[PDB]
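Undergrad: Sharing work-v1.txt below, compact mmCIF, C-alpha atoms:
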# COMPACT_ATOMS: atom_id res chain seq x y z
CA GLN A 1 245.01 180.82 67.69
CA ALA A 2 244.61 177.07 67.13
CA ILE A 3 246.53 175.91 70.20
CA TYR A 4 244.26 178.17 72.25
CA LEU A 5 241.28 176.39 70.73
CA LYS A 6 242.79 173.04 71.74
CA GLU A 7 243.46 174.42 75.23
CA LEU A 8 239.80 175.44 75.46
CA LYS A 9 238.96 171.92 74.30
CA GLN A 10 240.94 170.08 76.98
CA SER A 11 239.58 172.59 79.50
CA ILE A 12 235.96 171.74 78.71
CA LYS A 13 236.83 168.04 78.59
CA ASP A 14 238.33 167.99 82.08
CA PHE A 15 235.68 170.33 83.54
CA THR A 16 232.96 167.88 82.50
CA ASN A 17 234.31 164.97 84.55
CA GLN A 18 235.08 167.44 87.33
CA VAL A 19 231.36 168.27 87.52
CA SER A 20 230.74 164.51 87.37
CA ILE A 21 232.82 163.69 90.46
CA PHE A 22 231.27 166.80 92.06
CA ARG A 23 227.70 165.54 91.75
CA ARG A 24 228.91 162.07 92.75
CA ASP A 25 230.44 163.32 96.00
CA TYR A 26 227.16 165.10 96.75
CA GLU A 27 224.85 162.10 97.15
CA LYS A 28 227.00 160.33 99.76
CA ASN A 29 228.61 163.30 101.51
CA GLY A 30 227.31 166.26 103.45
CA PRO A 31 223.85 167.80 103.38
CA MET A 32 222.11 164.67 102.10
CA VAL A 33 219.90 163.39 104.90
CA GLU A 34 221.88 160.38 106.13
CA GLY A 35 222.91 160.85 109.76
CA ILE A 36 222.35 163.11 112.76
CA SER A 37 225.52 165.23 112.46
CA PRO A 38 224.60 167.60 115.32
CA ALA A 39 225.34 171.20 114.29
CA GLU A 40 228.58 170.19 112.54
CA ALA A 41 226.99 170.32 109.08
CA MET A 42 227.97 173.98 108.74
CA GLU A 43 231.68 173.18 108.28
CA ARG A 44 231.12 170.70 105.45
CA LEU A 45 228.42 172.91 103.91
CA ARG A 46 230.87 175.82 103.85
CA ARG A 47 233.56 173.65 102.27
CA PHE A 48 230.90 172.70 99.69
Spell out the structure here as structure tokens.
TA:
Amino acid sequence: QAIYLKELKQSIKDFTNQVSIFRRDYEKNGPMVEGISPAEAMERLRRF
């Protein structure tokens, strides 16, 4: 049961910085209002 607790630990630990790099990709990439991007935004929005 303990090693499963430590697995849950490392899981939460890595998921945190995953969400970090997630929110950090957001501001520079995609639906943020930066360029024209004529009607292509759907592809990147769907990958998001």
Undergrad: Between atom CA of residue A:24 and atom CA of residue A:11, measure the distance and give it in Å to one decimal.
TA: 20.0 Å
Undergrad: When you draw a straight line from atom CA of residue A:1 to atom CA of residue A:16, how long is it in Å?
TA: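 Here the two named atoms are 23.1 Å from each other.
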Undergrad: What does the distance from atom CA of residue A:21 to atom CA of residue A:35 come to in Å, to one decimal?
TA: 21.9 Å
Undergrad: Skip stretch 29-34 of chain A itself and residues of its chain fewer than 2 positions away, then list as a PyMOL selection string all residues within 7 Å of it, counting only C-alpha atoms.
TA: chain A and resi 25-27+41+44-45
Undergrad: May I have the selected residues written with C-alpha atoms, as a PDB file, in the coordinates of the input?
TA:
ATOM      1  CA  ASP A  25     230.440 163.320  96.000  1.00  0.00           C
ATOM      2  CA  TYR A  26     227.160 165.100  96.750  1.00  0.00           C
ATOM      3  CA  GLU A  27     224.850 162.100  97.150  1.00  0.00           C
ATOM      4  CA  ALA A  41     226.990 170.320 109.080  1.00  0.00           C
ATOM      5  CA  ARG A  44     231.120 170.700 105.450  1.00  0.00           C
ATOM      6  CA  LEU A  45     228.420 172.910 103.910  1.00  0.00           C
TER       7      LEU A  45
END
